[PDB]
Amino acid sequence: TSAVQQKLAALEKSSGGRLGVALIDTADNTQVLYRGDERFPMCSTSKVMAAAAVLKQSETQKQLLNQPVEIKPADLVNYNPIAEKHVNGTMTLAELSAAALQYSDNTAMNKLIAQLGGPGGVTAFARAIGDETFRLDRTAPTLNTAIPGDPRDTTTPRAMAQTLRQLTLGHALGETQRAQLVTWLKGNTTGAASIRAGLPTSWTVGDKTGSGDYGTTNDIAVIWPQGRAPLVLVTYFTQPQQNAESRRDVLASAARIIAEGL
């Protein structure tokens, strides 16, 4: 047990929930893990994998991101701030990717999933890029039920950090596509209370949040510290009762501990 792990354990003890953390520091290609091999519900952090899979498809179809997708009234689900403006109209796969990532639009996510042939298409892409842990089993919003012990729509912090590094900093995607994914993540609207809140202001962050039942509060980020090589950081948090409140502050505190421990 390292000093950073001891701090994270103390944070977890006082939070009342279960915390999972994985850091990869690309300066030295080392990792720091807390419950790194335990499974957690991804919730909407899974949208990164779906968007990335569509970006991969776009490497062999120049026009794919411009392809229109029909949005029908029946397509709207529980949280659709972008798609609802386009009902009885269309959105392109680029628009759907941006809406899913930057606004966490669930209708947009479902269109990405459908473009990949269902949740198992997202899992297939994960396997193709070397992630044997990730699984997507359901569409939105049911992928966010986050029931303790349920393997559906889960990954581990270790696996997710490794994948997010490959996607954003490594060569899982082509150069154009990697840059597009990074642009999207950096433009996220939903992240300032989560990992971002625990880091010095000068550091730049691209991230995707998630949340679900059981007070599940997640964030996965690529971080460009001031004067340091990039980091990838996953923070997952889930609680024992179905109706628990979100705890984005716990993610911020985990990020703060990680930053202080570099």
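Start at 1 with the first residue shown and count on from there.
Here 73-81 and 154-162 are compared by their mean Cα B-factor, and 73-81 comes out higher.
Stretches 41-49 and 25-33 differ in mean CA B factor, with 25-33 having the higher one. As recorded in the PDB entry, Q61 shows the highest C-alpha B-factor of the residues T235, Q61, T216, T209.
Among the modelled residues of the chain, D105 sits in the lowest third by CA temperature factor in this PDB entry. When the modelled residues of the chain are ordered by C-alpha B-factor, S194 sits in the lowest third. Compared with the other modelled residues of the chain, the Cα B-factor recorded for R127 ranks in the middle third. Among the modelled residues of its chain, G17 has a C-alpha B-factor that falls in the middle third according to the deposited record. Looking at the C-alpha B-factors along this chain, the one for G187 belongs to the lowest third.
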